[PDB]
A.B. asks: 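Before anything else, here's the structure in question.
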Amino acid sequence: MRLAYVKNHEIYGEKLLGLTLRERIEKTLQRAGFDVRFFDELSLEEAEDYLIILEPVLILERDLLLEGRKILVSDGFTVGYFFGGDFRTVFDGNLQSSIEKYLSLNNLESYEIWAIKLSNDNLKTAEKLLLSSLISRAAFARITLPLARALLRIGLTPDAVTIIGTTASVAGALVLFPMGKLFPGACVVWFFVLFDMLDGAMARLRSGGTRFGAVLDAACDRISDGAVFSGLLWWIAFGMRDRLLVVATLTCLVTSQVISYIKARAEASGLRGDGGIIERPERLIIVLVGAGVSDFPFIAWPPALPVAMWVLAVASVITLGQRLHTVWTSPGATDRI
Amino acid sequence: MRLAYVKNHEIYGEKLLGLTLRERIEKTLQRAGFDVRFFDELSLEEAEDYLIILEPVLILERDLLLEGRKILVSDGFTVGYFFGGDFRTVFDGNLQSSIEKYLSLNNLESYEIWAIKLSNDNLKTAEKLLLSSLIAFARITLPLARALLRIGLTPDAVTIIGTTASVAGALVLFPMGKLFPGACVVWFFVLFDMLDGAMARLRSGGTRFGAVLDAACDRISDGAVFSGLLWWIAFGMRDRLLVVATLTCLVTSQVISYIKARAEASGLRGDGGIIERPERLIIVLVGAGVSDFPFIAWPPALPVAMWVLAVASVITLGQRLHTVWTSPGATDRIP
Ligand SMILES: CCCCCCCCCCCCCC(=O)OC[C@H](COP(=O)([O-])O)OC(=O)CCCCCCCCCCCCC
Ligand SMILES: CCCCCCCC/C=C/CCCCCCCC(=O)OC[C@H](O)CO
Ligand SMILES: CCCCCCCC/C=C\CCCCCCCC(=O)OC[C@H](O)CO
Ligand code: NA
Ligand code: NA
Ligand code: NA
Ligand code: NA
Ligand code: NA
Ligand code: NA
Ligand code: NA
C-alpha cells in the first residue's frame, strides 16, 4: 500500500556504526510502514502512497508519520517527496518534469524531518548526529515551525509573542480562576503557555535569538506561574474558603519560584542547578489537570484540585532539595573564594 | 619543586576561626608554591628548595616570596629556614646540627615576615591578630561570628538556621495576627542569616554554593513573610483588596530577584530598581509593626506600606528588565 522508492547512491554502501547506510535507511523506512524499493531508473508500481528519496540521506527520526502531499526537507535541502498514488497518472518517465508538473497540479506542504544529507565530507557529523538521535523534539520542531513561520510573516517578533502569550495567560488565570471557572481557565492558560513557547522557533527562523529574549522568556515564565497560582489561591481562599488547601497553594507558589531561582542563580555563579522530579512542564500539567478535572463539565471530580495541589507541594519541596544537591555536586561548588 | 617541612605539633589541631592551624599554615604555604609535608623525624625528599618550620607558627601574610637562602624571622623569633636543595647533602639525620652546619657553610639574610609563634597561652592573642589580619560591624558582627565559629558552626549552617528561624517567626506569629512580634523576630533573624558573610570572611572566604544557598534562602524568607502576612490579611482582616496588593508584592519580590539571577546567568546585568530587598523588608515590616504596635496601634500603616510596596515593586520589575535590555550584548543575535 505504501511504497518508498529510494534512489541508489554511492555513499549508501558506506558503513556507519556497524551497519551500512543502505540497510539503515531501509529498516528506518520499513519501520514507518513502507515497502522499500531501491532504484536507478524509476518504475512506479501501483500504490496508495509514494515516498521518493533522491538525495543520499541518513534519517535520524525513529517514528516517521507521513500524510497528505509533502516535500520532505532537512536544513534547507530537499530530501524527498511524499506523493499520492495519483502521481502515477502524471509520471511520464522523466522524473524532474513529472515532479514539477505534480507540484504545479497539487497543494503540497513542507515536512521538516530530522535527517542529514550524506556526503563524502560530513560522515563524522552523521556519526555524531546518529549518537545524539539515539540519546519528541523533532515532532516539536515539525509542529512549531509552520506556526512560527506564519507568525513571523504577519509581522510578529519572538519577544512580542512571548509578551502576548504571557499577558494572555495571566489574564486568563486572574480573570477565570477567581470567579471559579477552573476548566476554561485551565484551557486558556495551557493554550497561551504553548503560544508563549513559540518564540524559540521564531528566533530560530530569524537565524538567531538574543540573550535579552531568553531572559525575558524565563522571567515571563515566572510571572505566568505566579499568576496561575495566585488565581487558584484566590478561588481556594475566597471561593471555597479552604485554609488547608491555601497552605498547599502558597507552598506551591513559593517553591515553584524558588525552584526556578535556584537554577538561575547557580548558573550565574557558574554552577549547575537543574534536575528534580517536577520541572515547569510537569508542574503546569499537574496543577492544570487538577483544576480542569475539578471543574470538568457534567462529571467534575472536585477532589482532583486538592490531590494535585498536595502532591505538587510535596513534589516541589523534594525538587527544591534535589536542585540544591545539584548545586552542591557541581564542580567548584565548595571551592574557597 | 619546593618542599615545606613543617614539624608536627599538637596545637596545630586547634581551630582558630573555624579552621585548624595545621590546615591554615598548609594552605598559606601552598599559596607560596610549596608542597607541604608534616613530620616528626625528618626524611629529606629530593627538592630544589626547602622551607623548614620547627616551632608551631601562624603565618599572617598572604603573599610570601622566597627566592634565595634565608632565615625567616618575626619580632626576633626565628620562624623558619629557607635553604637550597644542597641542604640534602648536609643533612645527617640530626636536624638541629645539620641546620647549624648549613648556616655555618652559607651566608643568609634575615627575612622579616609577619607571623606569630603559637603556644597554649597565647591562642586568644593569635586569634585576635588573625582577625586583624583578615579585616558597630567590628564590635558586634565580628565577635558574634567568632563565637559562632568557636562552637563548631559554619557559615552555611548559620544561613540555614537564620532562614529557618525567620520563616518560623513569619509563619507562626503573622497568621495569628501578632504582627509586631513577628516583625521583630523576622528582622532579628534576617540579620542572623546575614552573619554568614562575616563567618565566611573569617574562615576560607566562602563558596559559590554558599552564595547560591544564601540567596535562595533569601527568596524563601521573603516568600514566608508575605505568605504569613497574606494569611492574616485574608482570614483575619478579611481584606481582599489588600490581598491583591500582598500577592503582587509576593510574586514581584520573587520575580525581581529572578530577573537579576537569570540575566547574570546569561552574562548580562539585572540589578537596580527603586525598592531593593532591604528597602522592601523595611517597608513591609514597619507597616505590619505600626499596625500592631503596643498600646496605640495605627491600623492604616499595613495597607499603605503594602500598596506603596506593590506600586514600588511593579516599577522595579520594569527597571531591571530595562537594565537587561540595556546590558552590553543583550540584543546581539546568537547565530
Ligand atoms: C495585579 C493584577 C490585578 C488585576 C486583577 C484582574 C481581575 C479582574 C476581575 C475579574 C473578575 C473576578 C471576579 C471575582 O470574583 O473577584 C474579584 C477580585 C477583586 O474584587 P474584590 O473582592 O477585591 O473586591 O478580583 C481579583 O482579586 C483578582 C485576583 C488577582 C490578584 C493577584 C495579582 C497577582 C499578580 C501576579 C503577578 C503580577 C505581574 C507583575
Ligand atoms: C493607600 C492605602 C490607603 C488605606 C486606607 C486605610 C484603609 C482601611 C484600613 C484597613 C486596615 C484594617 C484595619 C483593622 C485591622 C488592623 C490590621 C492589623 O494589623 O491587625 C492586628 C490585630 O491583631 C487585629 O486585631
Ligand atoms: C515557605 C512558604 C510557604 C508557607 C506558607 C504557609 C502559610 C500558612 C501558615 C500558617 C497559617 C497558620 C494559621 C494560624 C491560625 C489562623 C488565624 C486566623 O486567621 O483566624 C481567623 C479567624 O478564624 C476569624 O477571624
Ligand atoms: Na516565550
Ligand atoms: Na530579542
Ligand atoms: Na515564557
Ligand atoms: Na476553611
Ligand atoms: Na545567610
Ligand atoms: Na560557603
Ligand atoms: Na539568606
Side-chain angles (χ1 to χ4, degrees), chain A residues 174 178 203 206-223 225-227 229-231 233-234 237-238 241 243 246-247 250-251 253-271 273 320 323-324 327-330 332-335 337, chain B residues 171 200 203-213 215-220 222-224 226-228 230-231 234-235 238 240 243-244 247-248 250-268 270 317 320-321 324-327 329-335:
Chain A
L174 297 187
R206 285 175 90 203
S207 284
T210 66
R211 296 182 183 81
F212 168 79
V215 181
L216 176 71
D217 179 43
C220 285
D221 284 349
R222 306 292 80 77
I223 296 174
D225 293 338
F229 282 113
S230 309
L233 177 142
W234 189 282
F238 303 111
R241 308 247 65 186
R243 299 191 179 194
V246 166
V247 177
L250 280 168
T251 301
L253 196 162
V254 180
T255 51
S256 85
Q257 298 293 141
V258 179
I259 281 166
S260 305
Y261 181 85
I262 294 182
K263 180 177 181 301
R265 183 64 181 80
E267 291 167 4
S269 288
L271 308 174
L320 210 158
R323 301 204 155 194
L324 276 180
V327 183
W328 169 260
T329 55
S330 295
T334 63
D335 195 306
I337 305 182
Chain B
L171 296 188
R203 259 179 108 230
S204 275
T207 55
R208 298 186 194 287
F209 166 72
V212 176
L213 175 71
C217 287
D218 285 349
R219 307 292 81 76
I220 295 175
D222 294 337
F226 284 115
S227 303
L230 179 145
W231 185 282
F235 297 108
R238 306 163 66 87
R240 298 190 179 191
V243 166
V244 345
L247 277 169
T248 308
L250 197 164
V251 181
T252 51
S253 85
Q254 302 295 317
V255 179
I256 282 165
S257 305
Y258 180 85
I259 294 182
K260 181 176 182 301
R262 183 64 181 80
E264 291 168 4
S266 289
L268 309 175
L317 209 282
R320 301 202 155 193
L321 276 180
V324 182
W325 170 261
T326 57
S327 295
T331 63
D332 281 337
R333 191 175 53 83
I334 306 183

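Numbers restart at 1 for each chain; the letters A, B, ... are given by sequence-line order, proteins then strands. Heavy atoms only: backbone and side chains are in, while hydrogens, waters and symmetry mates are out.
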A.B. asks: Could you measure the distance from the CD atom of A:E267 to the CZ atom of B:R262? Nearest 0.5 Å is fine.
C.D. replies: 6.5 Å
A.B. asks: How would you list, by chain and number, every residue that makes a side-chain hydrogen bond (donor to acceptor under 3.5 Å, both in side chains) with B:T248, sequence neighbours excluded?
C.D. replies: none
A.B. asks: If you look at every heavy atom in A:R206 and B:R333, which pair is closest and at what distance?
C.D. replies: O-CD, 3.9 Å
A.B. asks: Among A:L174, A:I262, A:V246, which residue has the highest count of heavy-atom pairs closer than 4.5 Å to chain B?
C.D. replies: A:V246
A.B. asks: For A:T210 and B:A330, which heavy atoms make the closest approach, and how far apart are they?
C.D. replies: CB-O, 3.3 Å
A.B. asks: Minimum heavy-atom separation for A:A219 and B:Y258, please, with both atom names.
C.D. replies: N-CE2, 3.9 Å
A.B. asks: Given heavy-atom pairs under 4.5 angstrom as the criterion, report whether the side chain, backbone, both or neither of A:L271 touches chain B.
C.D. replies: side chain
A.B. asks: Top residue by heavy-atom pair count (under 4.5 Å) with chain A, among B:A265, B:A211, B:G267, B:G270?
C.D. replies: B:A265
A.B. asks: Which atoms form the tightest heavy-atom contact between A:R241 and B:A234, and what is the distance?
C.D. replies: NH2-O, 4.1 Å
A.B. asks: Tell me, out of B:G210, B:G329, B:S327, B:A215, who's got the most heavy-atom pairs with chain A below 4.5 Å.
C.D. replies: B:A215
A.B. asks: Counting only heavy atoms closer than 4.5 Å, note whether B:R240 contacts chain A via side chain, backbone, both or neither.
C.D. replies: both
A.B. asks: Examine whether an atom of A:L253 lies under 4.5 Å from a heavy atom of chain B, and if so say whether it belongs to the side chain, the backbone or both; otherwise answer neither.
C.D. replies: side chain
A.B. asks: For chain B, which candidate among A:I223, A:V254, A:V215 shows the most heavy-atom pairs at distances under 4.5 Å?
C.D. replies: A:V215
A.B. asks: Flag the pair B:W325 / A:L216 as yes when at least one side-chain heavy-atom distance between them is below 4.5 Å, and no otherwise.
C.D. replies: no
A.B. asks: Under a 4.5 Å cut-off applied to non-hydrogen side-chain atoms, are A:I337 and B:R208 in contact?
C.D. replies: yes
A.B. asks: Hey, what do you get for CZ (A:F212) to CG (B:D332), rounding to the nearest 0.5 Å?
C.D. replies: 13.5 Å
A.B. asks: Using only atom types and a distance under 3.5 Å, with no angle test, would you say the side chain of A:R222 pairs donor to acceptor with the backbone of B:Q254?
C.D. replies: no
